[PDB]
Amino acid sequence: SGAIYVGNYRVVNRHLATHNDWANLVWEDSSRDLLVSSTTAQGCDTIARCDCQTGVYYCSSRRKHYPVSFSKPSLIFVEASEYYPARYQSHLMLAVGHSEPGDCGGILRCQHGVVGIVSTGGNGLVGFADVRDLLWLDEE
Ligand SMILES: Fc1ccc(C[C@@H]2CCCNC2)cc1
Ligand SMILES: Fc1ccc(C[C@H]2CCCNC2)cc1
Ligand SMILES: [Zn+2]
């Protein structure tokens, strides 16, 4: 689990979005595993605006932060988890690292702020849904 809180926005994995998230839907993309809902309380997170390929992610299944090198956001085929089947995901970044289902929502961060959230895993890789393209998260 886990979310990003920036202004009046909550960013979550689309597959973990709550009834409240969907009731206050701002934007969702099934291909990206992202949903943004509106919040009454102002969030304090900063979204990274950059093309860093290094950062640190929180891995709840190890209660540890790991430094990783990660690929630029791409269209990637993802093999069978349990929440999703096998299928294709856009704006996805991979690193070598530990990821289990419940690690989704772990934040990946660089010096510039939040890069993305854990979204996929398995075969010794971790996949992160990029948010750095969502410039609109930084206003109203
Ligand atoms: F009125 C409402 C409000 C939110 C949901 C959305 C949830 C999301 C998970 C799947 N069950 C539905 C439905 C109806
Ligand atoms: F998890 C992290 C990782 C790094 C920073 C800090 C910056 C500044 C020092 C070098 N670049 C990184 C913040 C949160
Ligand atoms: Zn950066």
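Using Swiss-Prot numbers, chain A covers 869-1008, in order.
Technique stated in the header: X-ray crystallography, 1.5 Å.
Quick reminder: no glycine exception, Cβ is built from N, Cα and C everywhere.
As given in Swiss-Prot:
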ACT_SITE  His883  active site, for protease 2A activity
ACT_SITE  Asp901  active site, for protease 2A activity
BINDING   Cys918, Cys920, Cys978, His980  Zn(2+) 1 binding site
ACT_SITE  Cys972  active site, for protease 2A activity
Determine the minimum-neighbour residue: among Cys918, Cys920, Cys972, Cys978, listed as recorded positions, which Cβ has the fewest other Cβ atoms within 10 angstroms?
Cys918
Based on Cα distances to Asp901 (active site, for protease 2A activity), point out the closest of the recorded positions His883, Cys918, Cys978, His980.
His883
Quick one: give me the count of other CB atoms within 10 A of the CB of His883 (active site, for protease 2A activity).
15
Given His883, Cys918, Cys920 as the recorded positions, which ones have a Cβ positioned under 6 Å from some atom of ligand 3?
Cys918, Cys920
Specify the count of other C-beta atoms within 10 Å of the C-beta of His980 (Zn(2+) 1 binding site).
15
Translate the DSSP assignment of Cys978 (Zn(2+) 1 binding site) into the three-state scheme.
strand
Using a 10 Å radius around its CB, how many other CB atoms surround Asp901 (active site, for protease 2A activity)?
27
Sorted by sequence, non-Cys918, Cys920, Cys978, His980 residues with Cβ within 8 Å of centre, Zn(2+) 1:
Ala916, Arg917, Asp919, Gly923, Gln979, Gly981, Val983, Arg1000
C-alpha spacing of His883 (active site, for protease 2A activity) relative to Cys978 (Zn(2+) 1 binding site), in angstrom:
25
Between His883 (active site, for protease 2A activity) and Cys972 (active site, for protease 2A activity): CA-CA distance (Å):
9
How many Å lie between the Cα of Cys918 (Zn(2+) 1 binding site) and the Cα of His883 (active site, for protease 2A activity)?
26
For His980 (Zn(2+) 1 binding site) and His883 (active site, for protease 2A activity), what Cα-Cα distance in Å is obtained after rounding to a whole number?
27
